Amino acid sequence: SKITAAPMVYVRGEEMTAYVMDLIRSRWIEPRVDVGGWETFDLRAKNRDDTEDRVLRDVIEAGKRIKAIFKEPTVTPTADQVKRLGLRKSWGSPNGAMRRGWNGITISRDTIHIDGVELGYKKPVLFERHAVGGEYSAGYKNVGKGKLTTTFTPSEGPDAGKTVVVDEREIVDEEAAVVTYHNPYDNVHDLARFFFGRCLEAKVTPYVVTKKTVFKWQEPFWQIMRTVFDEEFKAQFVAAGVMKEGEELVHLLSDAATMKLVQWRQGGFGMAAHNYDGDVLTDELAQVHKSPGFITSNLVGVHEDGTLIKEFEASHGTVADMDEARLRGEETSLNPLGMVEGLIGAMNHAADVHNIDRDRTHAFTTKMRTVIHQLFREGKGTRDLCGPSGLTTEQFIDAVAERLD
């Protein structure tokens, strides 16, 4: 009579968030859900070091096969952490490996809402941060005076094999940065389809966000989006009452979009942007809404077989300060809602993409959310939203558990 969990990758971190998720797994999930299909991985900074990222390899492989991943917040083993945690070596951020390993098209950064508690945006906002390209994968050098040349040699079509000059310039400064990057745009077709599909389901008005007026190479991000929308979605948006007859898809400049995020406190909109613009704008979105914990960070990629790989994370870290407080015998109140939304999304996608116990899984994950929201409504949520009379971390975990049935 327990729910059969679909295959799903579970990535454990450390510190306060792992302490919390251990309690959630043991007291909310496991008594109601057979988690035999989960493949669990220990991603403590120490276990990455001890296995020399063998664990990360096993995460990415598991993710490609299973297509549904929940990842806890983790400690990136930076220089600071090597000394602190007593490790052998440093290890970089695992996001690049995940985005490439799973053919990432977007990080979905959506506002998280609680029925009965008003946050910054009244209604759901959706945001797609294009997951590849841009300055994140640039080649560069810091240089003095000299000549900079950029060439391109196509490998197919009429001009195949003929090298052309993209740019050439004389650097006249003693101190300068020289930078080259690319934006791969083939997966913007996939991105547009995913984005507009999401926006239609949510009944939110979509917007495309670039600096294409000046950064003219960005034009195709808009053109691909507009074409997909017009041909495959506009009729549907009008029919669903989301947009009026003759309303065109709107393009916003990135510097205008920063203003709109502050103005549009009603919510009820979607934005899609390039990698960096999405990075900056979604943290703005976090601040307007409440804080980073109330925005999702959901990586979506395209499997070779046509289905989607979906990884889900909370947007806060491991809350080391709170872990320290716990280890000083001081009361804590970690709001688990960001992580729970991630776990819900992963469990739902696991059930959906594998077609295993879908009705019962969706019902259960909906039930967890409903119970949590009702507790917050009553002033029995965590202290971030319910003040000093709110529940401690452990009190909140019990409160949910005894209402779950």
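Numbering starts at 1 and follows the sequence shown.
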item: Residue range whose averaged C-alpha B-factor is higher in the record, 291-299 or 81-89; value: 81-89
item: 383-391 versus 12-20 - greater average Cα B-factor per the deposited record; value: 383-391
item: Deposited CA B-factor, highest of 243, 214, 192, 138; value: 243
item: Largest Cα B-factor, entry values, listed residues 310, 265, 99, 316; value: 99
item: Relative C-alpha B-factor of residue 152, binned into the chain's lowest, middle or highest third; value: highest
item: Record-listed C-alpha B factor of residue 70: chain third; value: lowest
item: Third assignment of residue 111 from its chain's C-alpha B-factors; value: lowest
item: Assigned third (lowest, middle, highest) for the C-alpha B factor of residue 250; value: middle
item: Chain third (lowest, middle, highest) by recorded CA B-factor, residue given as residue 55; value: highest
